[PDB]
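Single chain ahead, written as structure tokens, the form deposited in one PDB entry.
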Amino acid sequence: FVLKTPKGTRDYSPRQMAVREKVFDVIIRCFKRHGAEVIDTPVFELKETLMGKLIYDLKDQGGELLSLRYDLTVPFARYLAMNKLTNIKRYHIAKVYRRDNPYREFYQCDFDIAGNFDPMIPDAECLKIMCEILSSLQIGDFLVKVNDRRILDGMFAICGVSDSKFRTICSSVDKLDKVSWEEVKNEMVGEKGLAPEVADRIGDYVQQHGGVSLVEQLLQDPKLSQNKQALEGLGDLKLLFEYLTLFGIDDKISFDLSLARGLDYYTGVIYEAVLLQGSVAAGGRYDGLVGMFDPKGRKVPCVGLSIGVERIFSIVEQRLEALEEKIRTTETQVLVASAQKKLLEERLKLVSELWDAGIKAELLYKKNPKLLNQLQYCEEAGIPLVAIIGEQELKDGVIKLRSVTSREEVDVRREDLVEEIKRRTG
């Protein structure tokens, strides 16, 4: 027996938590700016709700057959139908459980707008949220790729893709973000085996990218014009863009006739965020799912987004690591210390007074520690200030304040100490 931490999971050390909290604020702060409610489902659901092989089921033991949440949407769907809710605007930040082999337990963090409203407003609302978040985390410049479901289905039918192949062929064009075409095309003649012309026909569309001007192209496009499905898709995006502009977000999104992710969740718009030298953020419209868990069969429309928080964490830690910025684990502002020996009792009386005042203070749990040890504790923890008590200082109504970085002491009258401590900090 070896002391392990279940294959595919790692703890968050205090440094690591300290990073996630910096992250989650930015994220949450932003959600709350857009008026989302927040929910929480339990960690497991009945297995019966997640069936109708990469899921952790739980042993029998007599009760019901449960299994851990792999999703944050399937719980969101259950929540909505249990509580018979027409519409809702929620985010939910929680750990999710996939049994992959390439994390196995990892934070997913999504925000969704369930409900029935006019076309693209919430969809555009979503994109502005990602851009807010991706900007405020500061992690560099980003693009946001945008497709639409109806488009793919429509064009593939125009170039001439069978349905059997369709969904296995769009998954080919979906690795085009990381690969090249002369490769992609050949993994389309060995895989399923397109004809030389049909592959070309697809390529000649898919390799195009850019913004608003591209979408104005494909309508005026002769070939793309006389097909009902995809045209409707293009109209949606024409609208989506005007909305985006009023948001000032036009410049940060690009239309990619190539993006074909979540092909089995999405019904309209699709998008994936991209950082500039992966799946930092992704989402889109999926009107099919809510819908399913409801008894009667009444569709519930939804657009959303999730943020790959675990990829983000490690980009941030690293950015600070590079910056030689120390990442403090504790928030403590003052350490109450003393030079001489029999003074604990007075140090105790002082911390309590600081705490009572809302000052983030601390104490070394010894009688008679030595000042070098106490200053060391500080220069390590990142504590800015030390409050030294000493017999002479006390019979003076005075407490010495020494700054750990500057090493300068100032003696401060008892009362003022609180205002003076708070004044240095903020």
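Rigid core here is just the name for the largest C-alpha set that superposes within 1.5 Å across the two forms. The numbering used is simple: start at 1 and walk along the sequence shown.
Although it is not shown, the form solved in complex with a small molecule is what the next lines describe.
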Exercise. Among 216-224, 69-77, 117-125, 199-207, which stretch sits within 4.5 Å of the small molecule in the bound PDB entry, heavy atoms only?
Worked result: 69-77
Problem set entry | Answer option from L257, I253, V300, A282, heavy atom within 4.5 Å of the small molecule in the bound PDB entry | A282
For this session: Check each of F241, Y97, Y91, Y266 and return the one that places a heavy atom within 4.5 angstroms of the small molecule in the bound PDB entry.
Result: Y266
Problem set entry | Partner proximity in the bound PDB entry: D110 to the small molecule, non-hydrogen atom cutoff 4.5 Å | yes
Exercise. Are any of the heavy atoms in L305 no more than 4.5 Å from a heavy atom of the small molecule in the bound PDB entry?
Worked result: yes
Problem set entry | Residue contact check: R311 to the small molecule in the bound PDB entry, 4.5 Å heavy atom | no
For this session: Please run the contact check for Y286 against the small molecule in the bound PDB entry: heavy atoms, 4.5 angstroms, yes or no?
Result: yes
Exercise. After the core is overlaid between this form and the one not shown, has the C-alpha of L263 moved by 2 angstroms or more?
Worked result: yes
Exercise. Quick one: once the rigid core is lined up, does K95 have its C-alpha move by 2 Å or more between this form and the one not shown?
Worked result: no
Exercise. Is it true that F166 shifts between this form and the one not shown by 2 Å or more at the Cα, once the core is aligned?
Worked result: yes
Exercise. Taking the shown form as reference, are the C-alpha positions of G262 and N87 brought closer or pushed farther apart in the bound PDB entry, with a change of 3 Å or more?
Worked result: farther
